[PDB]
Each structure stands twice: as C-alpha cells, then as structure tokens.
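Trainee: Dropping a structure here in structure tokens format, bear with me for questions.
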There are 2 protein chains.
Amino acid sequence: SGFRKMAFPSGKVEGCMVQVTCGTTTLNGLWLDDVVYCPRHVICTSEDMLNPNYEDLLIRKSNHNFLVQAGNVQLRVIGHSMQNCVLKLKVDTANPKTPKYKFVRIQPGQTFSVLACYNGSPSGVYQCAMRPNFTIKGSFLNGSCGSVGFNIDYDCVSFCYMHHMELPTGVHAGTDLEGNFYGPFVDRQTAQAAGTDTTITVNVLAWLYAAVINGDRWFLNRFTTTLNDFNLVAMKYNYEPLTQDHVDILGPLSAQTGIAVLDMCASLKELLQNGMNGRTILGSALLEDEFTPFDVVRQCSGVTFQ
Amino acid sequence: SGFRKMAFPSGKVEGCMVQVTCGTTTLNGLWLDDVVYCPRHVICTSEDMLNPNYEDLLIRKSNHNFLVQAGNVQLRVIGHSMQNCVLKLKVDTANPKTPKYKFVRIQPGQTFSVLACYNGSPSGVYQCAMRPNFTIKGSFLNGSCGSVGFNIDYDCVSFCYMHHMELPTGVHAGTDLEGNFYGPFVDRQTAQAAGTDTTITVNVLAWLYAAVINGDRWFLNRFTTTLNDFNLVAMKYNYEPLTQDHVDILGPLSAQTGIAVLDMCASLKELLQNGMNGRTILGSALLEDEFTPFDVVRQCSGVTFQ
Ligand SMILES: *C(=N)[C@H](C[C@@H]1CCNC1=O)NC(=O)[C@H](CC1CCCCC1)NC(=O)[C@@H](NC(=O)OCc1ccccc1)[C@@H](C)OC(C)(C)C
Ligand SMILES: *C(=N)[C@H](C[C@@H]1CCNC1=O)NC(=O)[C@H](CC1CCCCC1)NC(=O)[C@@H](NC(=O)OCc1ccccc1)[C@@H](C)OC(C)(C)C
C-alpha cells in the first residue's frame, strides 16, 4: 500500500540525452538512432528572439555550426532540417543506447514523466500532467530546454513533450517531438499567457478510487447523482466536464472497489460543496488531479517495464 | 521556476536490479560487482515467518537453492553469507553496469529516491523521507522487497535503504544496505507498530524558502522569534525541535533570499497558529516536510549528475 507521485524509471531516456551548442546558446537534445532532436530556437541569438524567421535563420547555418556533445564525445552533424518547431540534426553515429520508442501527441489530462536536464546531463525526474490549457506545471531553469517528457509501455518509450519556454505565471510550454506546440503558444519572445485552467475531473475521481483502494473511505456517502447534475456542479467549481467516455474509463476502478462511478461523483460533489473540513486524502489537503485512471491501476497493481 | 517532488535519475540503479528466487519466495536483489544483496527473509517459508532463526535457516541452504535472474540471464551463486538482515549472494559474474557507489546509513529527516521493483523489473521512481519514527511513507506491493532507496552525488550512487516490510498503518520499514533496520523493527511477523511521528521542522522551513525563491511571499511577516520561543510553539504542534545546527544548515537559503532563519521561523509559527486560511504554498494546502535544505538548493539551482 501507499500512493506516491510516481515517475517512470528514466534510464532508457538518460542514455539519449546530449548537449547541443550553436553560437552562444547551449541546450539539451534527444539522440535516437542517428538523429538529434532539439528546439529550433537554439539557432536564435539574443537579438533574434523578438520575431525570428527561423527559415531565414536556418538557411544561414552550416553543419559545423552545431556542436553536439554526448558525454566526452563530440558527434559531427552531417545534415540538418526543421520540422515545425524542432530541429533535427543528422549525425554520423547511431546512438547504441537507443531504446524502442514512439513519438505520440497526448491529450490534455494525460500524465507523463519529465527528465529535467542541463548541458545534456540529467538532473531529476518527476511526474507531470498536460493541463487543460496546454501548459504543464514543471520545474525548469535556464538551460532546461530540450528536456523531454515521456511514458513507458513495457519496453517502448513514448516521447510526448519537449521543453521550450516558461510563461509569465511560471508554468511551462513546449512541443510534441514532431515540433508542434501544445496549445496556442509560439516560439518567439512576444506577450503570451497561459489561458484559464480547469481541474481534470476524471483524474480527481481516479485518485479518490486510489484512496479507497488504500483504505480512506471517510469521504464516501450513500447518495448518487446523474451525469447532468454532476456536470452542473462541476462547472460551478471550474472542473472539466465529465463525459460518458470518462465514466467508461473509470469502469475497472469502479468494479475493483464496488463503488459505482456516479456514486463516486456524488462523493466528489459533496467534497466540492463542503470542502475537506481539515481532513486529508492520501496525504493531500487538496483534491489531486494529476493521476489518470491508468496511473492508479498501474501503481495499485504493480505494472513493471522491460 | 516551479517546484516538484523530484527524484534522482534512476538509470544507474536500474542496471543493478535482479530477481532472487528461493523456494516459494521471489523478491528483488541489488547486483553490484559480483555480489547480489537482498533481504534475508527470502530464505523464509510461509511457516517460518513467526519467529525464524535465520542462522538455522541459512546453514540448511545450498548455493543452488538461490535462483538469481538478471534479465534473460541466470547467474550462478558461488557463495552466500548473512550480514545483519541482508543476504549477500556471491555470483560468478561481475555486473558490468555497476556504477560508482557507496553504502550510507542516513539520519531521520534525510530524503532519497526509491526505485520500486517487482521481479527484478523497475516499476517507478519516487522521492521519500526517512520519518523521525524511522518509517517511510512508501508505495509498495507484494514482491517489492529488495527495492532500494538512494541518492546520487555527481557520479556516485549512495544506497541508503532496502525495503523489507509494511506495517499495519500502511507505512514501510527496511534496512540500510548493510542490513541494519532503521528504527526498532525486526524481520519477523510479530506485532510491531510505527511509533508516534513528528514533522521535520528544518525541512518545512527549507520548503518555505523554496516558495520565496519561486515568488510566494504571502506567508512572511515582519516579526521575529528566538529559537527557544520557536521550539516552544513547535512542540505544541508535534514538530521536531529546531537546533542551531539546523539554523546553520539553512544559512545558504537565508542568504540567497535575504530572510533571516529566525524570521522564517516567526512565519512558520503564525502558519501553525493560524493555518493557511484556504491559501496554498507551492501548490500544497499542507506544510510540506519532505524537502531538505539540500533538495531545495539542488532544484532551485540546477545541479546535474554524470
Ligand atoms: C530553455 N533552455 C529555456 C527554459 C526556460 C528558462 C527558465 N525556465 C524555462 O523553462 N527557454 C527559454 O529561456 C526561452 C528562450 C526562447 C523562447 C522562444 C523564443 C526564443 C527564445 N524563453 C522563455 O522561456 C521566456 N518566456 C517567454 O519569452 O514567453 C513569452 C513572453 C514574452 C514576453 C512577455 C511575456 C511572455 C522566459 C525565460 O521569460 C520569462 C517569461 C520572463 C520567464
Ligand atoms: C516484500 N516483498 C514484502 C513487501 C510488503 C508487502 C506489501 N507491502 C510491502 O511493503 N514484504 C512482506 O510481505 C513481509 C514478509 C516478511 C516480513 C519479515 C518477516 C518475514 C516475512 N511482510 C510484511 O511486510 C507484513 N508486515 C508485518 O508482518 O509486520 C509485522 C506485524 C505482524 C503482525 C501484526 C502487525 C505487524 C505485511 C505484509 O503484513 C501487513 C502488516 C498485514 C501488511
């Protein structure tokens, strides 16, 4: 028993991190087979950031302008290309530590582990969710760009996030590994802001199921609710609407605990209406929304990875 | 910016995990050089657990009774010995992925990352503290024994914890890597209980410094307090006493923020007296005590590891 913010083991990704240096800018890159992926604003200078035209900027670069360091080893760039907001540097050496991997673009609400890096060197790993406003509440300092977010399924690494920028409220924006930003953000230093966020309802419900699996039942009640009446209360508290698809996904957790999904909804409704009244759930005094139904089942049942 | 429960990258430890099978019992072991470390209750059977005499039990075992699996590879045991509550299986092959490492026994209050494993396969990584009552609030299911807790300093892995048992309140007990339990617990299935826990004062203060580094100042006040008067209020709220050593350790964080340690204490005093009044600190509605002063500096300044 117990329940923790659990990240995936990071070793398969650690063996892919490298340093990419161009001009006066150093950041991280991801080395898979003979290609190194990194944010295209590495080719920007301190005066290009305002409204850069990356196509102009890139046609002006030579291969030898890109300095790629993998440990104590320099890789030579033999080609480059831009795909949306990511730069792809072809190098003459295939990374022998390349895991099995996919690139996937995730939906708001899904979670992933972030391996935070500086100068191609991993610093720490933590669990994140893509927020409904397509930011992530990360932990990132200067030089962290090019750090990736990821999931693992058995032996396959599904990369879903590369870090690009911090927004004025201290939250973070980035792209999938094909260079498409999550959300309306763009990689130029112009006024942008996160947009109003909401709480991921389906995830709060899964975490309440986790609490029941772990012995916390104080928040349950005998009541039930309809989906309509639940969603009417959720809107008032700035919660994402719950759909029938969400209900269906919460099926396995419902059947294992014996608490119908709509009954757990009735319970969350009273938690929103009455607060927690100085009590905690799974060590939290807040309703936690960064565990998906899959995260709960994974941790409360013990799925491993090779 | 941002602040997260950050674990160390786990790859150096992933390459050391193996499966150890003896009779009807499977658990995890730690393979460093030509030795595999694992909990000695692997040699117990379902009827030995009540009051086992491990010396009796072990002299009755042969090397070929221990089945050690490293991936798709069986290792042959060529010797065994018991050191306190850990079993050391000498195998004929040195682990080529052995990182630089130390074994260290930590003090209550120190934090570490846990790589949770089943059947020698890593499942997830998360950050823990050793609680003042020498338990850890882990996340552990059947088969998780032999999972280790660890810190990393540049390139060196300091192993500090191996998992052995869960206690009736759902918290966890284990040993250092030389087999000495943290706390008064023993590895026999007899009535044991955690003992009264306290909040790690020095860590709460460090986390309040983290919040100031990240832009939260709403909890500060103009007041100050003496150490004596602070400790008188801490005892009342079941907080560990703060010593001058603690004050000294909080020096760097004091100097970087410009908030004297005793002023931050005055702030924590009013937080304990008045609660947080529906506000949050670093996304938490509770006073968080599982970050050390070192954790804060590491994450708010970006220390990496090779
Ligand atoms: C990458 N290594 C770096 C990571 C940042 C640094 C601190 N935390 C992080 O996550 N990324 C940047 O520093 C990045 C440089 C790029 C961004 C794209 C365009 C080319 C330069 N800059 C930022 O993240 C800045 N954010 C930003 O410009 O957002 C748009 C904006 C501009 C003006 C006013 C409001 C919003 C950060 C560093 O700047 C602030 C917002 C002050 C943190
Ligand atoms: C290892 N793989 C396993 C990990 C546990 C399982 C669930 N979560 C975990 O962390 N360890 C055990 O299952 C372990 C077996 C050993 C323990 C030492 C002696 C030889 C057998 N057992 C336990 O962790 C049990 N705890 C326990 O016995 O504590 C002492 C006790 C005994 C009776 C009454 C109160 C306290 C667990 C599995 O049992 C309970 C407490 C019911 C969870």
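By order in the structure tokens, chains are A, B, ...; within a chain, residues start at 1; ligands start at 1, following the order shown.
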Kindly provide the residues of chain B that approach chain A to within 9 Å, each paired with its closest atom pair and their distance in Å to one decimal, based on only C-alpha atoms, listed by chain and increasing number, as a Markdown table.

Mentor:
```
| residue | atom | partner | partner_atom | distance |
| --- | --- | --- | --- | --- |
| B:1 | CA | A:140 | CA | 5.5 |
| B:2 | CA | A:139 | CA | 4.2 |
| B:3 | CA | A:139 | CA | 5.2 |
| B:4 | CA | A:139 | CA | 6.1 |
| B:5 | CA | A:126 | CA | 6.5 |
| B:6 | CA | A:126 | CA | 5.1 |
| B:7 | CA | A:125 | CA | 5.2 |
| B:8 | CA | A:124 | CA | 4.6 |
| B:9 | CA | A:124 | CA | 5.3 |
| B:10 | CA | A:10 | CA | 5.7 |
| B:11 | CA | A:11 | CA | 3.6 |
| B:12 | CA | A:11 | CA | 7.3 |
| B:13 | CA | A:11 | CA | 8.7 |
| B:14 | CA | A:11 | CA | 6.9 |
| B:15 | CA | A:11 | CA | 8.5 |
| B:71 | CA | A:306 | CA | 8.5 |
| B:115 | CA | A:9 | CA | 7.5 |
| B:117 | CA | A:304 | CA | 7.2 |
| B:118 | CA | A:304 | CA | 6.7 |
| B:119 | CA | A:304 | CA | 8.5 |
| B:121 | CA | A:304 | CA | 5.8 |
| B:122 | CA | A:304 | CA | 5.8 |
| B:123 | CA | A:304 | CA | 4.3 |
| B:124 | CA | A:8 | CA | 4.6 |
| B:125 | CA | A:7 | CA | 5.2 |
| B:126 | CA | A:6 | CA | 5.1 |
| B:127 | CA | A:5 | CA | 8.3 |
| B:137 | CA | A:2 | CA | 6.8 |
| B:138 | CA | A:2 | CA | 5.7 |
| B:139 | CA | A:2 | CA | 4.2 |
| B:140 | CA | A:1 | CA | 5.5 |
| B:141 | CA | A:1 | CA | 5.9 |
| B:142 | CA | A:302 | CA | 8.5 |
| B:144 | CA | A:302 | CA | 8.9 |
| B:166 | CA | A:1 | CA | 8.0 |
| B:170 | CA | A:1 | CA | 5.8 |
| B:171 | CA | A:2 | CA | 7.2 |
| B:172 | CA | A:2 | CA | 9.0 |
| B:214 | CA | A:170 | CA | 8.4 |
| B:283 | CA | A:286 | CA | 8.8 |
| B:284 | CA | A:286 | CA | 7.2 |
| B:285 | CA | A:285 | CA | 5.4 |
| B:286 | CA | A:285 | CA | 6.2 |
| B:298 | CA | A:123 | CA | 8.8 |
| B:299 | CA | A:139 | CA | 7.8 |
| B:300 | CA | A:141 | CA | 7.7 |
| B:301 | CA | A:141 | CA | 7.5 |
| B:302 | CA | A:141 | CA | 6.8 |
| B:303 | CA | A:123 | CA | 6.2 |
| B:304 | CA | A:123 | CA | 4.3 |
| B:305 | CA | A:121 | CA | 6.2 |
| B:306 | CA | A:121 | CA | 6.5 |
```

Trainee: What parts of stretch 99-133 of chain A does DSSP call strand (DSSP E)? I'd like the answer as a PyMOL selection string.

Mentor: chain A and resi 100-103+111-118+121-129

Trainee: Next, dump the selected residues to file, keeping only C-alpha atoms, as an mmCIF file, in the first residue's frame.

Mentor:
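Output file selection.cif is given in full below:
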```cif
data_model
loop_
_atom_site.group_PDB
_atom_site.id
_atom_site.type_symbol
_atom_site.label_atom_id
_atom_site.label_comp_id
_atom_site.auth_asym_id
_atom_site.auth_seq_id
_atom_site.Cartn_x
_atom_site.Cartn_y
_atom_site.Cartn_z
ATOM 1 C CA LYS A 100 12.467 1.115 -28.566
ATOM 2 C CA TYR A 101 10.415 4.282 -28.874
ATOM 3 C CA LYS A 102 7.433 6.096 -30.391
ATOM 4 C CA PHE A 103 6.530 9.763 -30.718
ATOM 5 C CA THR A 111 0.313 12.445 -17.476
ATOM 6 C CA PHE A 112 3.980 11.867 -18.200
ATOM 7 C CA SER A 113 7.379 11.841 -16.557
ATOM 8 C CA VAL A 114 9.830 14.678 -17.214
ATOM 9 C CA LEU A 115 13.561 14.040 -17.162
ATOM 10 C CA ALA A 116 14.943 17.504 -16.389
ATOM 11 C CA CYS A 117 18.384 18.100 -17.912
ATOM 12 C CA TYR A 118 21.101 20.741 -18.084
ATOM 13 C CA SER A 121 23.165 15.827 -18.053
ATOM 14 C CA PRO A 122 20.036 14.530 -16.291
ATOM 15 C CA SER A 123 19.154 16.408 -13.111
ATOM 16 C CA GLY A 124 15.951 14.802 -11.782
ATOM 17 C CA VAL A 125 12.743 13.078 -12.765
ATOM 18 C CA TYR A 126 9.179 13.973 -11.846
ATOM 19 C CA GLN A 127 5.592 13.357 -12.926
ATOM 20 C CA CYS A 128 3.537 15.999 -14.818
ATOM 21 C CA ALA A 129 0.116 16.381 -16.392
#
```

Trainee: Separation of atom CA of residue A:62 and atom 1 (C, counted along the ligand's line) of ligand 1, in Å?

Mentor: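 One can read the atom CA of residue A:62 to atom 1 (C, counted along the ligand's line) of ligand 1 distance as 22.2 Å.
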
Trainee: Which neighbours of residue B:243 fall inside 9 Å, counting only C-alpha atoms, when residues of the same chain fewer than 3 positions from it are skipped, and could you give them as a list in words?

Mentor: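 Surrounding residues, per the criterion: residues 202, 227, 231, 246, 247 and 248 of chain B.
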
Trainee: Could you write out the selected residues, including C-alpha atoms, as a PDB file, in the first residue's frame?

Mentor:
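Final output, selection_37.pdb:
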```
ATOM      1  CA  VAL B 202      14.042  22.039   9.292  1.00  0.00           C
ATOM      2  CA  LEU B 227      14.956  29.702  18.936  1.00  0.00           C
ATOM      3  CA  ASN B 231      10.700  25.462  19.818  1.00  0.00           C
ATOM      4  CA  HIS B 246      19.565  23.205  11.610  1.00  0.00           C
ATOM      5  CA  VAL B 247      19.756  27.004  11.678  1.00  0.00           C
ATOM      6  CA  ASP B 248      23.296  26.847  10.304  1.00  0.00           C
TER       7      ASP B 248
END
```

Trainee: Write out as a Markdown table the residues of chain A that have any atom within 10 Å of an atom of ligand 1, one row each with the nearest atom pair and its distance in Å to one decimal, counting only C-alpha atoms and all ligand atoms, sorted by chain and then rising number.

Mentor:
```
| residue | atom | partner | partner_atom_place_in_ligand_line | distance |
| --- | --- | --- | --- | --- |
| A:25 | CA | ligand 1 | 2 (N) | 8.7 |
| A:26 | CA | ligand 1 | 2 (N) | 7.6 |
| A:27 | CA | ligand 1 | 2 (N) | 5.6 |
| A:28 | CA | ligand 1 | 2 (N) | 7.8 |
| A:39 | CA | ligand 1 | 1 (C) | 8.6 |
| A:40 | CA | ligand 1 | 20 (C) | 8.6 |
| A:41 | CA | ligand 1 | 20 (C) | 5.1 |
| A:42 | CA | ligand 1 | 20 (C) | 7.9 |
| A:43 | CA | ligand 1 | 20 (C) | 9.0 |
| A:44 | CA | ligand 1 | 20 (C) | 6.4 |
| A:45 | CA | ligand 1 | 21 (C) | 8.2 |
| A:46 | CA | ligand 1 | 21 (C) | 8.0 |
| A:47 | CA | ligand 1 | 20 (C) | 9.6 |
| A:48 | CA | ligand 1 | 20 (C) | 7.6 |
| A:49 | CA | ligand 1 | 20 (C) | 4.6 |
| A:50 | CA | ligand 1 | 19 (C) | 7.4 |
| A:51 | CA | ligand 1 | 19 (C) | 8.3 |
| A:52 | CA | ligand 1 | 20 (C) | 7.9 |
| A:85 | CA | ligand 1 | 18 (C) | 9.8 |
| A:117 | CA | ligand 1 | 2 (N) | 9.5 |
| A:118 | CA | ligand 1 | 2 (N) | 8.3 |
| A:119 | CA | ligand 1 | 2 (N) | 9.6 |
| A:138 | CA | ligand 1 | 10 (O) | 8.0 |
| A:139 | CA | ligand 1 | 10 (O) | 7.6 |
| A:140 | CA | ligand 1 | 10 (O) | 4.7 |
| A:141 | CA | ligand 1 | 8 (N) | 4.2 |
| A:142 | CA | ligand 1 | 6 (C) | 4.1 |
| A:143 | CA | ligand 1 | 2 (N) | 3.6 |
| A:144 | CA | ligand 1 | 2 (N) | 4.3 |
| A:145 | CA | ligand 1 | 2 (N) | 3.5 |
| A:146 | CA | ligand 1 | 2 (N) | 7.1 |
| A:147 | CA | ligand 1 | 2 (N) | 8.6 |
| A:163 | CA | ligand 1 | 10 (O) | 6.9 |
| A:164 | CA | ligand 1 | 11 (N) | 5.2 |
| A:165 | CA | ligand 1 | 24 (O) | 3.1 |
| A:166 | CA | ligand 1 | 24 (O) | 3.8 |
| A:167 | CA | ligand 1 | 41 (C) | 4.5 |
| A:168 | CA | ligand 1 | 41 (C) | 4.2 |
| A:169 | CA | ligand 1 | 41 (C) | 7.6 |
| A:170 | CA | ligand 1 | 43 (C) | 6.7 |
| A:171 | CA | ligand 1 | 10 (O) | 7.9 |
| A:172 | CA | ligand 1 | 10 (O) | 5.9 |
| A:173 | CA | ligand 1 | 10 (O) | 7.8 |
| A:174 | CA | ligand 1 | 10 (O) | 9.1 |
| A:185 | CA | ligand 1 | 30 (C) | 8.4 |
| A:186 | CA | ligand 1 | 18 (C) | 7.2 |
| A:187 | CA | ligand 1 | 18 (C) | 3.8 |
| A:188 | CA | ligand 1 | 19 (C) | 3.6 |
| A:189 | CA | ligand 1 | 28 (O) | 3.9 |
| A:190 | CA | ligand 1 | 32 (C) | 4.2 |
| A:191 | CA | ligand 1 | 35 (C) | 4.0 |
| A:192 | CA | ligand 1 | 36 (C) | 4.6 |
| A:193 | CA | ligand 1 | 36 (C) | 6.4 |
| A:194 | CA | ligand 1 | 36 (C) | 9.4 |
```

Trainee: Determine, counting only C-alpha atoms, which protein, DNA and RNA residues have an atom within 7 Å of an atom of residue A:263; residues of the same chain fewer than 5 positions away are not included. Present the result as an MDAnalysis selection string.

Mentor: chainID A and resid 223:225

Trainee: From a DSSP pass on the backbone, collect the residues of stretch 133-300 of chain B flagged as helix (DSSP H, G or I) and hand them back as a ChimeraX atom specification.

Mentor: /B:201-213,227-236,244-249,251-257,261-274,293-300

Trainee: Kindly give the distance, in Å, that separates atom CA of residue B:38 and atom CA of residue B:87, rounded to a single decimal.

Mentor: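 That distance, rounded to one decimal, is 5.4 Å.
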